[PDB]
Every structure is written in structure tokens, then in C-alpha cells.
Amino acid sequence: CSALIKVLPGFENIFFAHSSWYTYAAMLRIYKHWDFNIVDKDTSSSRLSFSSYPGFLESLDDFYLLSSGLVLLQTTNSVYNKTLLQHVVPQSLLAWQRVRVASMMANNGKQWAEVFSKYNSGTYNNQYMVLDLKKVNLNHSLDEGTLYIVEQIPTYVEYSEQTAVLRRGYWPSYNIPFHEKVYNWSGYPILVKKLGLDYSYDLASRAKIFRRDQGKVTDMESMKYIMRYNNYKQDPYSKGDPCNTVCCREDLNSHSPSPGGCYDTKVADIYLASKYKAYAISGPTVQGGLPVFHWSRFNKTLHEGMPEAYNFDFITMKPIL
């Protein structure tokens, strides 16, 4: 999964977006708008809009617009430390439960991280970007508290305030941990030694592409465009690999095609979010003339309930009741 928060050069707007990657068998999608009339002094938010799936009482992706004015994006890290993974036990709350309790109780990004950290399971080990839009004053400032980055591994959640980085222009996220203690303890340094710089935080292909291209975002259209970006035949950072880019098409891998990779993009800005609005597209990217994905080509994978072909457009998601 790829995520990006990008602020315009005069703080004229701020964009945030997530493009999910997983098995195409997960593309039976439901976009959800919930509003529950909860009355509780320790509840900050009981209204939220988010990308989701049948039976999921969570986004999974994640992409959430919360009534507390927080936006939550997330991309998944791996943990390659087998000893660490031994600490996982069922006596703990699962990620989706901690995300839901935190997104209900918290009113700022530090409090979100503190609540989400409680009874950490060490399962679904992720980076969260908690973007507190209450701290954003367009044409003026990104105040302290605007961005917290939260990363979970078994036994340990680290979080820090990262607004000063975001004031330079952007925060990117591409499945590699940012906090050095996390990255070390999860075993990334040995993976870099064994498999090279695709495992490094600074020089993974998507780190290089976002470093190169985030400044090309000037508006909503160009935010859509970077988050749907593939270009694998020409982008030198892709090394010719259709998964080596922002919006992966592993079905196009020429020697081992598989039905998985990037299958959505959700994007909003601070104006859309204040009305619980976002633009959302479901399906692998066709940007730049890539072939429409067709289930007919992977017809032994179950995909009950879904269309055969994915060539949709972004539509406007907003609550209407």
C-alpha cells in the first residue's frame, strides 16, 4: 500500500490519499458512512466515513475521515524478526479493535497513539499517519500536532510528531518503517544487506518516486495522478517491474503474473474532509494506457459478488442522511 500527504507550496491546501495493495480477491468493496448518536464524555468521535468491505467493522486499508477532525492513513510494515513475533499472544486486543477504540476516544494525534498502544497485539504491524486537520490553517500554518506517525511491532509502539517534515512539502508511506528503533528491531538492516536497497527506507522504489514527484502535485488532479501512478516500462526507478512503483500491477508481471497489487485510490483535501467527502476509485490502475483488469485471465480465483472487469472512475463518497 502507498500513502501520501502533500501540502501545497503556500499551504493553500493539503491533500491526503491512500492506494491499497492486496489480493484482487478482496475487491468486493463497501464505502461506509456511519453516524452513531453516542453521548459519552470520553467519546471524541462517533461519526466517520471510510473505505471498507463486507462485514468489516473497520477500514483495514486504512483510510478514515473522523468527526474529531483527524484523518487516518496507514501502510503495513513487515516484521522479519522471528523471536519478536514469538511474543504475540491472544491476550491482547487485535489491531482493528485498537484502531476503533482510539478513533472513538482520541481528539488529537498524541492521544490517538496513546489509546491505540494499549493491549498492543503485535498483529497487523503498521505505520499510521494521524493527520489532525484542526491544526491546519490554510495560507497560514501547520501547527504543532498536525502530523503524528505511529508504528506498531509486537511489544512496542513508537510514535512521534512529524509536522516539521510535512511543512517541507510531504509525508510518504510505502510499507517500510520510518522510526529507526522500529526499522532495526523488525530486521530491516539484515534484509538490506541480504537483498539490497529495495528494503531501505530512503531508497525503496516508491521512496525515490515520491521524492522525485511529490512536488508535481499542484491540485486534486495531479494528486490522483501520483496515487494511480505506475509507468513501469519507462520509469527508471521501476527497473522494468510493474509492481515497483506507486500503484503496483502484479497481474502484469511477465513471468509470474498473480491477481494482486494496487486496487483502489481514496483521496481528499481539508475542504472535502470537513464535509466527510472523498474521491474513491475501485480497481487496478489503467493510468497511462495499462490494460483493464479482467477476471477472465485469473478465472480459477474466487471473486464471488464482483464485476468481471474493472474500469471504473473515481466517484464522490459523502454521507447523505
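Note that residue numbering follows the sequence shown and begins at 1.
134 to 142 and 186 to 194 differ in mean CA B-factor, and the higher of the two is recorded for 186 to 194. Of the two segments examined, 63 to 71 and 253 to 261, it is 253 to 261 that shows the higher average Cα temperature factor in the deposited entry. Highest C-alpha temperature factor among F11, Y310, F16, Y22, as the PDB entry reports it: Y310. Per the deposited coordinates, the residue with the largest Cα temperature factor out of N108, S103, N244, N175 is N244. Sort the modelled residues of the chain by CA B factor and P90 lands in the middle third. When the CA B factors of the chain's modelled residues are split into thirds, the value for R98 lands in the middle one. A26: CA B factor lies in the middle third for its chain, per the PDB record. Ranked against the other modelled residues of its chain, the C-alpha B-factor of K233 as given in the entry falls in the highest third. Ranked within its chain, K41 lands in the highest third, by CA B factor from the PDB record.
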